[PDB]
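Just so you know, ligand 1 is whichever comes first in the structure, and atom 1 is the first atom listed for that ligand. Residue numbers begin at 1 in each chain, while the letters A, B, ... track the order of the sequences.
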Amino acid sequence: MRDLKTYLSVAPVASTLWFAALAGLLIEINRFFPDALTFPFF
Amino acid sequence: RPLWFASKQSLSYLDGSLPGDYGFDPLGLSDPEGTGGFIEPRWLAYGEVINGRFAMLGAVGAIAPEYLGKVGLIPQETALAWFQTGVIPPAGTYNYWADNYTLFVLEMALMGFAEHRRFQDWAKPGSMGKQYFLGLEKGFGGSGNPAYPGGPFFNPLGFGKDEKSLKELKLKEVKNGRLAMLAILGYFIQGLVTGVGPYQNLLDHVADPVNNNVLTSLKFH
Amino acid sequence: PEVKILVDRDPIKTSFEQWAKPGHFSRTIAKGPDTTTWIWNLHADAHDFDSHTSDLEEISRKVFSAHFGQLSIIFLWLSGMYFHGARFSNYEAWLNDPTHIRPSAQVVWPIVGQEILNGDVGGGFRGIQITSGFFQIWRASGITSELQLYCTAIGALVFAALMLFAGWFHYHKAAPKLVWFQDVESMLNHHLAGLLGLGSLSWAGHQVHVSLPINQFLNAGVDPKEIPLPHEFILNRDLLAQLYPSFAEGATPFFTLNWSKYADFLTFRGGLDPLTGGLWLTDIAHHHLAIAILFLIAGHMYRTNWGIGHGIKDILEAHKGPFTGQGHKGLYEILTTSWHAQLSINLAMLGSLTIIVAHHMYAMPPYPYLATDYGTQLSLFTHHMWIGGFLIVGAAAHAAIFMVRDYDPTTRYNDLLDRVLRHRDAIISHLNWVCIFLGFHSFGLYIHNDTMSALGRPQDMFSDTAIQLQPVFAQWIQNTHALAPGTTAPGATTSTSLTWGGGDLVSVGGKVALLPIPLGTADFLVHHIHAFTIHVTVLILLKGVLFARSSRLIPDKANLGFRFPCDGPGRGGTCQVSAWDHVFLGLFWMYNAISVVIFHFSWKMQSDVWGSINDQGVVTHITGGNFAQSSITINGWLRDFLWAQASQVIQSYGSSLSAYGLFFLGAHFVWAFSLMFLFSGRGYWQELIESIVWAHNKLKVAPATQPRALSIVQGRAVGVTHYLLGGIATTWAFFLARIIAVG
Amino acid sequence: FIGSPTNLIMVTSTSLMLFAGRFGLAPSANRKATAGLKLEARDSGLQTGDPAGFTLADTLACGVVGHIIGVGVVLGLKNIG
Amino acid sequence: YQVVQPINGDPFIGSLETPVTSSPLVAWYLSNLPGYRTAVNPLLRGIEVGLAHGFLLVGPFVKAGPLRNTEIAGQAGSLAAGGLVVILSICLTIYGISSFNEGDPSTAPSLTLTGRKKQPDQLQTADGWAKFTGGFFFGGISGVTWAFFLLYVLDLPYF
Ligand code: CLA
Ligand code: CLA
Ligand code: CLA
Ligand SMILES: CC1=C[C@H](O)CC(C)(C)[C@H]1/C=C/C(C)=C/C=C/C(C)=C/C=C/C=C(C)/C=C/C=C(C)/C=C/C1=C(C)C[C@H](O)CC1(C)C
Ligand SMILES: [Ca+2]
């Protein structure tokens, strides 16, 4: 548990989880505001 | 004490402390040399006894209904072969008070508590007579030997109060267990390649032996 | 002396202690890291069990459970394939009409416009056309619904779970000991008779009851949903008696020895099914039956526990003669104490086997509707060729590792190994000469043809019309094969393939399954090119193995270990003088050889076999026999093969084959990228990282794990792996895009 | 079909094979093979009842190989006449 | 019994003794060649060698040449052989010039295979080599002419 928490924070696993979260975020963002070549709000 | 197809390696670990010890181990499986998971000799003895007991039960039970299916008030809907009971649906089913799946899960809930308690006694012997179980724990103590727990439940009639009694009785038990085990194997293969049912099939064999094992050589189904 | 199960209880307790600690096996790693090089080492020596310790028992226990883990991975992959065929496929539509619907078992999500990859594969379905040939396997096994595929996927999932659990169990709870592994007699007895004998007998049992009747029904034209379920064919037997009358006697023929009464479904026809374009299933069943009998007898050769059998030591040490001294005496002791010897033998044999499989599968298509599925055929051949080549190179790698680490004449002396080590120089010199001669007289012919053609002198060219180099031996052999059925294989009706000859073209759905393949001068030239490339890669690998311990250059090469950068720029320069470096080259030359082989196959097939048949029997091939006249000069390969065939992939953009164009370009990129690692050295890079580190330190952002440039060996490893990835991937994209567009 | 057709050929083959095996005339479970010329005497460990050292491994082995030679002879003869 | 032995029984000289390297007939044959005729004047050995090599060079040049189909195939290919043999002589003369000097003795070994003295082979001197290459060239042009005379000039039934 403590050691599982440690292993889940080793560099490869920390980075894969981080990048999976980032990928999910970007994917959803472009799923809501697709085909965006500019910033049209202000 | 007489010996069958013994081995010098096999004889070493099979000297006679166990019932039915005939020194027959042509593949040398109860070797106390390589004891690990599920190959330890005590566990193999326990397994032989338990398989023999369940096989005696199932071997008088599988042949029963289709015997008195011929004698007595017992109807014919209650008179199936052992394979038509719903155990193998593609070979015949029945409509009991339940579904045959709830039947199974209820069966295995009951068998679950009985088997788990029995194992809890095998592993740490004498542990079931400690925790509360609606009373009834003083009877689940055990006797040090797993295959022979004894007590007020598993031995109410008190057979074998001296120990040669228990010796020859254990010998008879394991012998009848081996008999019932190979009887059940015969049931299985015979009900497959002849597909008749053992009791009725036995009656056809006793008509006259024209119908030999080779005759159903041809694997009707 | 006798053989038994011998185990140890709970050798290592399952725990999360060592997961928290990175490189626990290596003492130096366990402590922690000072620089960036430590991270690379952690991965490079993860599975080198024989250096984490010296105990053979521990090495072998680790090996056993790692094999279990690998089996679990394979099962998960299989279950994924079956589930995708069950859920995201058009397998039933394809089953209704095989030669119009394109198989595809993968769809994509519409996220960034990538749904264009969901192309029209027909059947009211839009997905990515697959080349795995899985539909053909499932059809040949008798699978008609997707319920069966679902059940298969779930069964393989629980099998993967079982394999993973067994891996945990046999390492942390009940781990065998050394005398159990070192028993190879019983192990061979069980793998020959039990794994291959019972396995193939069981498969023949499947085909006799499931695939034969169901495929009979499918080829009779029955709607796939109107076919009886397979278990019916077991319950009701007259269902089989209708298709196959001699299922009526029912196994009494098997014991009367009236085996001829089984001639219905146990045939020896040979050739192809004119309806499906595959081998006769009644032939494949008979084949597996005979295979089973053979393996079941063969797994009874070695003695285990009952006196009868063969002691492998006796067989080995019985073989010796006047040229080899005491040969084979001492090999049994070598092949049972070193895992690397076994690994290299098995790798060589498995690579050989994979390539034989590729050839035989292209020549005698075993699955229905496989031959006329050109994409599947091309992909299967190419994939198996690559796998075989890689395995064969690994064989050499591990032979060298053995020679460096485990070879010891003080305690384990063998005579043959010693003699070969003693005349390695003669061996390598003659192999060198053969490589040179073969390279001059195969590629030199191509250069001569190119200049003869460029100087407007085609009569002087080595071609079918100017100076013929006819492969008379191959022509003679294949004519002997064509005449075989009836003359010298009386029980066969058709020759074993249709590439032998006899006419008898077979087509399916207006496409050519097979026809006799002609061998001309271009075949001679390219076969000698093949011989040349194979000989050169053999030279590199054998030179690496034979000179792994010592040479006339550096006299103590074994003390430097199996893998190392160099021993300084002394004696003129000793760059890559190690055995590992020889494997690095062999991979380059293996790439060259396999690339030429698959190019030859693809061009020859698109030029002389594949194509479309028509009403008169006029066969228009993909390229009108342009291989016989254009493949004899390098300009022909560059123009008629690469430039011509390459147009399909370039025009892929804007369609559903766009991903292949993208992968074409990306593979070009990564291949070119490898050259940065393959042409440079780590000194320049260390000196550049120095100033980058300065830039970081100036802003208090320098890392504590000091960044080092990669090792010399790692740089070569990065360079060779990227090179192979790039080249193989660009060939993959080109082949797939071309054969899916023109096929 | 018993003692008339191929039953006699199968019997003579198997019968003769294990008749050899029990006696000398053939490699044993207790008899090792030198070069197919001479046979040494050894104890395989497993207990026998038979006076000549005929164990169950031996009966099964020579029974199997007699069956196979019987199968071969039967199929060949019925294939050419 | 073993067939492969170390050279002359010396196991520390870098070679071995095998059938191809040292079996009776193959030794007799190799010894009976002009190159290994040590006690013979180098000019005659060069003659024999040059005549054999010259004759050989005519065979492939003519048949595999670019004028094989033309009627001057024989004249052309034979002339090409003459050009090649002359080039070989140039390679031989410059080799002898670079590697030898008159005032120096023969670099050939003095010992035989049994350990007896023997006169060092004179072919390895300066003018020994010069006599040999002169004989070789004379023999080579003579061989080409002889082979070139046989066919074309005379019908004489071949192939
Ligand atoms: C901005 C660019 C962009 C973006 C954001 C995306 C985004 C996406 N693409 Mg896409 N793509 C792009 C460009 C892009 N693509 C381009 C340019 C191409 C042309 C080459 C493609 C071609 C393409 C294809 C062909 C596909 C996608 C797919 C996908 C989707 C999922 C990919 C996936 O799930 O992987 C794979 C996910 C898995 C395999 C799930 C597995 C989960 C983990 C790995 C399980 C591991 C645990 C396991 C149990 C370990 C085993 C241990 C064992 C021993 C127990 C995703 C939304 C896929 C899709 O649409 O899904 C249907 C898909 O098929 N893309
Ligand atoms: C009939 C007996 C039998 C069978 C069928 C097998 C089968 C197999 N062995 Mg095995 N083995 C046996 C006896 C047998 N062995 C004996 C007697 C010994 C020496 C004592 C060994 C020692 C051995 C070693 C050291 C290794 C194998 C390996 C393998 C696998 C090879 C990889 C492969 O081909 O994948 C084919 C895949 C399949 C056939 C899928 C089906 C898998 C089935 C369920 C396997 C079940 C057979 C198994 C013996 C059951 C007994 C265990 C039981 C108590 C549960 C394979 C599954 C390799 C391995 O372990 O891989 C992990 C390997 O490393 N075997
Ligand atoms: C049954 C097959 C088999 C097995 C069991 C082994 C086992 C072993 N090999 Mg080996 N080898 C094999 C086949 C095999 N090999 C083949 C076919 C080749 C030819 C290429 C080699 C060549 C080879 C070399 C040169 C070396 C080994 C070494 C080793 C040992 C350590 C491996 C290691 O941990 O490195 C770690 C594993 C990795 C770092 C994985 C690297 C990732 C690869 C390169 C990328 C693959 C790309 C992927 C397929 C697609 C791209 C994905 C990406 C885009 C996301 C180990 C005992 C090493 C050794 O020192 O022996 C003692 C050694 O140097 N092998
Ligand atoms: C000894 C040895 C050793 C060596 O070394 C080797 C060898 C030889 C191999 C060995 C072995 C042998 C043998 C033979 C064995 C066997 C066993 C068995 C048979 C078991 C069973 C066993 C058996 C068993 C348990 C069984 C049981 C049964 C039962 C319960 C039944 C039940 C039932 C009934 C009632 C009726 C219904 O309706 C149905 C059912 C539900 C079904
Ligand atoms: Ca044991």
Side-chain angles (χ1 to χ4, degrees), chain B residues 4-5 7 9-10 13-14 20 22 24-41 43-44 47-48 50-66 80-88 91-92 94 104 107 177-189 191 197-198, chain C residues 3-7 60-61 63-75 78 156 159-160 162-163 165-167 169-170 174 176 179-199 202-203 299 304 339 342 346, chain D residues 56:
Chain B
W4 301 346
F5 310 95
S7 175
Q9 158 205 17
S10 178
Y13 59 77
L14 296 183
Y22 281 20
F24 172 81
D25 193 357
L27 252 72
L29 284 141
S30 323
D31 207 324
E33 183 65 13
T35 76
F38 288 153
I39 215 75
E40 196 260 359
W43 182 252
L44 291 202
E48 196 198 27
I50 293 280
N51 273 266
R53 277 160 186 181
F54 260 135
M56 285 181 269
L57 255 197
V60 52
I63 193 88
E66 75 158 342
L80 298 182
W82 65 268
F83 40 76
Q84 277 153 344
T85 83
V87 47
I88 304 118
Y94 193 80
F104 174 62
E107 162 222 302
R178 287 170 182 156
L179 186 53
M181 276 186 279
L182 41 64
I184 277 285
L185 187 44
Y187 282 5
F188 283 177
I189 57 77
Chain C
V3 180
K4 50 194 114 181
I5 301 167
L6 207 30
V7 293
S60 323
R61 291 174 177 177
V63 160
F64 198 42
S65 323
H67 292 183
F68 273 115
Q70 160 77 97
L71 278 201
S72 148
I73 291 270
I74 289 176
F75 269 119
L78 272 181
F159 251 84
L162 279 181
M163 279 318 161
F165 166 80
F169 178 77
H170 279 303
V179 317
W180 184 86
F181 294 97
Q182 274 181 349
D183 183 325
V184 301
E185 272 97 358
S186 100
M187 185 166 177
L188 271 162
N189 273 14
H190 290 77
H191 284 173
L192 292 180
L195 176 57
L196 304 178
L198 281 198
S202 178
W203 182 242
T304 70
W339 281 94
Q342 291 284 350
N346 302 1
Chain D
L56 175 144

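Checking atom 33 (C) of ligand 4 against the protein gives no heavy-atom contact under 4.0 Å. Protein non-hydrogen atoms do reach within 4.0 Å of atom 29 (C) of ligand 4. When distances from atom 16 (C) of ligand 4 to the protein are checked, no heavy atom turns up under 4.0 Å. Of the protein's heavy atoms, at least one falls inside 4.0 Å of atom 19 (C) of ligand 4. Under the 4.0 angstrom criterion, atom 7 (C) of ligand 4 counts as lacking any protein heavy-atom contact. For atom 12 (C) of ligand 4, the nearest protein heavy atom lies 4.0 Å away or farther.
Taking a cut-off of under 4.0 Å to the non-hydrogen atoms of B:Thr85, the atoms of ligand 4 that pass are 38 (O). Of all atoms in ligand 4, numbered sequentially from 1 with element shown, those under 4.0 Å from a heavy atom of B:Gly58 are 29 (C), 30 (C), 31 (C), 35 (C). Under a 4.0 Å criterion applied to the non-hydrogen atoms of B:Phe54, ligand 4 contributes the atoms 30 (C). Taking every heavy atom of B:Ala62 and a limit of under 4.0 angstrom, the matching atoms of ligand 4 come to 35 (C), 36 (C). Set against the non-hydrogen atoms of B:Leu185, the atoms of ligand 4 under 4.0 Å away are 19 (C). Each of the atoms 5 (O) of ligand 4 lies under 4.0 Å from some heavy atom of B:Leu27.
Applying the salt bridge (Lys or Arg N to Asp or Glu O under 4.0 Å) criterion to B:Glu48, with sequence neighbours excluded, gives B:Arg178. Residues satisfying the side chain to side chain donor-acceptor pair (under 3.5 Å) criterion with B:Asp31, sequence neighbours excluded, are B:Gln9.
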B:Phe38 and B:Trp43: CA distance, side-chain angles, deciding distance, ring pair (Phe, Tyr, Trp, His ring centres under 6.0 Å) verdict: CA-CA 6 Å; B:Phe38 288 153; B:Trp43 182 252; 5.4 Å; yes

Trace of the side chain to side chain contact (heavy atoms under 4.5 Å, CB included) decision for B:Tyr94 with B:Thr85: CA-CA 6 Å; B:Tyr94 193 80; B:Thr85 83; over 6 Å; no

Candidate pair B:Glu66 and B:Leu80, rule side chain to side chain contact (heavy atoms under 4.5 Å, CB included), full reasoning: CA-CA 6 Å; B:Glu66 75 158 342; B:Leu80 298 182; over 6 Å; no

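Note that the CZ atom of B:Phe188 and the CZ atom of B:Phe83 stand 12.0 Å from one another [nearest 0.5 Å]. The CG atom of C:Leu188 sits 8.0 Å away from atom NE2 of C:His191, with the distance rounded to the nearest 0.5 Å. Annotation: the span from C:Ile5 atom CD1 to B:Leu27 atom CG amounts to 9.0 Å, rounded to 0.5 Å. Note that CD of B:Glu33 and CD1 of B:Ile39 are 13.5 Å apart. Values are rounded to the nearest 0.5 Å. To the nearest 0.5 Å, atom CG of residue C:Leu195 and atom CE of residue C:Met187 are 10.0 Å apart. Between B:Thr35 atom OG1 and B:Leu44 atom CG the span is 10.5 Å, to the nearest 0.5 Å.
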Tabulated below should be the N or O atoms of ligand 2 paired with protein N or O atoms at under 3.5 Å; can you produce that?
from     : atom 1 : to       : atom 2 : distance (Å)
ligand 2 : 11 (N) : C:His191 : NE2    : 3.3
ligand 2 : 64 (O) : C:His67  : ND1    : 2.7
ligand 2 : 65 (N) : C:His191 : NE2    : 3.0

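The two residues C:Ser60 and C:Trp339 come nearest to each other via the heavy atoms OG-NE1, 2.9 Å.
Summary of contacts: the protein heavy atom closest to atom 41 (C) of ligand 4 is B:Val87 CG2, 4.7 Å. Closest protein heavy atom to atom 22 (C) of ligand 4: B:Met181 CG, 3.6 Å. The protein atom (non-hydrogen) at minimum distance from atom 38 (O) of ligand 4 is B:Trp82 O, 2.9 Å. From the protein, the heavy atom lying nearest to atom 27 (C) of ligand 4 is B:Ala55 CA, 4.0 Å.
Annotation: B:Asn51 places no N or O atom under 3.5 Å from an N or O atom of ligand 4; distance criterion only. Here's the thing with B:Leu29: none of its N/O atoms is less than 3.5 angstrom from an N/O atom of ligand 4.
The shortest distance between side-chain heavy atoms of B:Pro41 and B:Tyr13 does not fall below 4.5 Å.
At least one heavy atom of B:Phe24 sits under 4.0 Å from some atom of ligand 4.
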Scan the side chains in residues 65-75 of chain C for donor-acceptor partners under 3.5 Å anywhere in the protein, sequence neighbours excluded, and list what turns up.
from    : atom 1 : to      : atom 2 : distance (Å)
C:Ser65 : OG     : C:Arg61 : O      : 3.1

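Contacts with ligand 4 closer than 4.0 Å are made by side-chain heavy atoms of B:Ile184 only, the backbone lying farther away.
Of all the listed residues (B:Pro26, B:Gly177, B:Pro65, B:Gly47), B:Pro26 holds the heavy atom that lies closest to atom 4 (C) of ligand 4.
In C:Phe64, the CZ atom is crowded: over 12 heavy atoms of neighbouring residues, nucleotides or ligands sit closer than 6.0 Å. Under a cut-off of 6.0 angstrom, the local environment of CZ in C:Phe169 is crowded, with over 12 non-hydrogen atoms contributed by other residues, nucleotides or ligands.
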